[PDB]
Structure formats: C-alpha cells, structure tokens
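Enquirer: So the protein sequences, as listed, match chains 6 and 1. Sequential numbering of the first sequence, starting at 28, is according to the authors' numbering. Sequential numbering of the second sequence, starting at 207, is according to the authors' numbering.
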Amino acid sequence: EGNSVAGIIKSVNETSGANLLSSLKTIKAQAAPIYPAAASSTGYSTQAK
Amino acid sequence: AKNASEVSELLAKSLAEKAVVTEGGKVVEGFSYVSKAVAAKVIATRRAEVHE
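#1: Using the three-state DSSP reduction, which class does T69 (chain 6) fall into: helix, strand or coil?
#2: Helix, strand or coil, according to DSSP, for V233 (chain 1) in the structure here?
#3: For the pair the stretch 28–40 of chain 6 and the stretch 56–76 of chain 6, tell me if three or more CB-CB distances fall below 8 angstroms.
#4: On a Cα-Cα basis, can you pick out the residue from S220 (chain 1), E212 (chain 1), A225 (chain 1) and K208 (chain 1) that is closest to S241 (chain 1)?
#5: Could you give the DSSP three-state label for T228 (chain 1): helix, strand or coil?
#6: If I follow the unbroken alpha helix (DSSP H) through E255 (chain 1), where does it start and stop?
#7: Check whether the Cβ atoms of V244 (chain 1) and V234 (chain 1) sit closer than 9 angstroms, and answer yes or no.
#8: Considering just the uninterrupted stretch of the alpha helix (DSSP H) at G34 (chain 6), what are its terminal residues?
#9: What number of angstroms, rounded off, separates the C-alpha of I249 (chain 1) from the C-alpha of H257 (chain 1)?
Shown next as structure tokens:
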C-alpha cells in the first residue's frame, strides 16, 4: 500500500483539463482513510463467555 | 447552377491558402512565414496547458 498523496498526485496528473473538476470527488474519496463498517453483531465472544 | 457561387469561392480559397510571397515581382519560393492566427493558437494552447 503506497501512500495516498502519491495517489492524489498521480491521479490528478493523469487527468485532462476538461474532466478535472468532475473527477475531484473521485480522488477525494479514493484517498480517504478507511473507517471500517459497523459489521454484524456476533455477540458475547469466547473470552466474553 | 444555384450552388455555382459556392463553386467559385472554393476555387478562390484554394488559391488563397496556397498563396506565394512576392518580393520584387518575382516570387521567393522556399519562404516560410507563420501567420498571426497560427502564432495566436501557439499562444492559446500554451496558455491553456499551463493553466491546466
């Protein structure tokens, strides 16, 4: 996993001037940190029991 | 017949865009000039790709 600034720098450099502002929220969300989703419950683990 | 006015203009423009430069009555063949609309597109595509 390379860092997201070099992903921002690359994915802005390989973008034409016509589709630039259309594609910024793609690059904004592709370089977001992962905040993992609230999964299914599976309550009361082995050590919790 | 009713498009013959358009036949004449393309005869003129093909001779107009293939125009030769005369200095003293005689032509200077092998003379290359760059227009002020050609050079204004070289400025405009360079002002576009630096603004990008």
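In this text, a Cβ means the ideal position worked out from N, Cα and C, and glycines have one as well.
Expert: Let's see:
#1: Coil, per DSSP.
#2: Assigned with DSSP and collapsed to three states, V233 (chain 1) falls in strand.
#3: Result yes; three or more Cβ-Cβ pairs closer than 8 angstroms.
#4: Here the closest residue by C-alpha is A225 (chain 1).
#5: Of the three classes helix, strand and coil, the one that applies to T228 (chain 1) here is strand, per DSSP.
#6: Where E255 (chain 1) is concerned, the enclosing alpha helix (DSSP H) stretches over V244 to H257.
#7: Not closer than 9 angstroms, so no.
#8: Taken as a continuous stretch (DSSP letters only), the alpha helix (DSSP H) holding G34 (chain 6) covers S31 to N40.
#9: Roughly 12 angstroms between the two C-alpha positions.
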